[PDB]
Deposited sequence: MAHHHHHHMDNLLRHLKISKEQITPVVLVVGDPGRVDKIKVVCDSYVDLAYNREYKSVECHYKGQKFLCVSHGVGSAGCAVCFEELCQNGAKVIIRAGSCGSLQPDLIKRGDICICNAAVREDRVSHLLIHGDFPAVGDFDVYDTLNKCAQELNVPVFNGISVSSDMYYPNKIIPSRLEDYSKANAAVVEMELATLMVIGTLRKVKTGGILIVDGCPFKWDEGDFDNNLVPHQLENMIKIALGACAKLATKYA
């Protein structure tokens, strides 16, 4: 049994949908054709999801890079082949990417520590193209407009007035979106030979759509294994 997930290696599917809020696993499992509740340990909720004739895990990783890293490391080290993060984000391009908009990200700014404790800072946090294009191909089938871009993955939610935040610098660098976990998934994916991707709803109905794309992509990708 896995230390934090508390599910077995035998319960891990090639494809896994990951989200931050365990309450969100509960909302996702409902719209699937059927589900099997697996475990709920600390912030980590596991449910097996049956959708469009496919079987995939939906696991919650909690808030922040270090606690999600424990979830991803346990997934990646025990059989996951594809991990897609369905999550929530903020806009770094207001007057373009507005509240409600969905964004499918190829890359992420590494504003964590853990990824850096795994590999030198120069290394890219980058998603898998197969996964990215699949996510993109699902949105199109569903006629749901999505943005594409770089995500700033920052360990800081609440800034101080001492150290100037780099969010404006990253915005100017055309980073689209800001969240907390993507770069970690992405580096861990690359290191562990797991294909990753990320789909985010802009926060600070469209959720229905977002989840459909996420569930759509997971099913499409699950077919391969």
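Residues of the deposited sequence with no modelled C-alpha atom fall in the ranges 1 to 11, 216 to 231, 253.
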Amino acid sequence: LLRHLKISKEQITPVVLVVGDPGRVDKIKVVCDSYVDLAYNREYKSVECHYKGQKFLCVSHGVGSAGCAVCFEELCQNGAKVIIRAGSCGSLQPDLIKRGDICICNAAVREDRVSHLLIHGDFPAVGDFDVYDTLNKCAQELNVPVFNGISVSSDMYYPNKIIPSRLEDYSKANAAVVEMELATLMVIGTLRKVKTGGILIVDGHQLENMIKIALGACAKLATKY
From here on, numbers count along this sequence of modelled residues.
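Judged by mean Cα B factor in the deposited record, 132 to 140 ranks above the other of 112 to 120 and 132 to 140.
Out of 15, 211, 217, 201, the entry records its largest CA B-factor for 211. Sorting 71, 92, 104, 107 by the CA temperature factor given in the entry leaves 71 at the top.
Sorting the modelled residues of the chain by their CA temperature factor places residue 88 in the highest third. Split the chain's modelled residues into thirds by C-alpha temperature factor. Residue 163 is in the highest one. The deposited CA B-factor of residue 170 belongs to the lowest third of values across its chain. Among the modelled residues of its chain, residue 25 has a C-alpha B-factor that falls in the middle third according to the deposited record. Sort the chain's modelled residues by C-alpha temperature factor and residue 57 lands in the middle third, per the entry.
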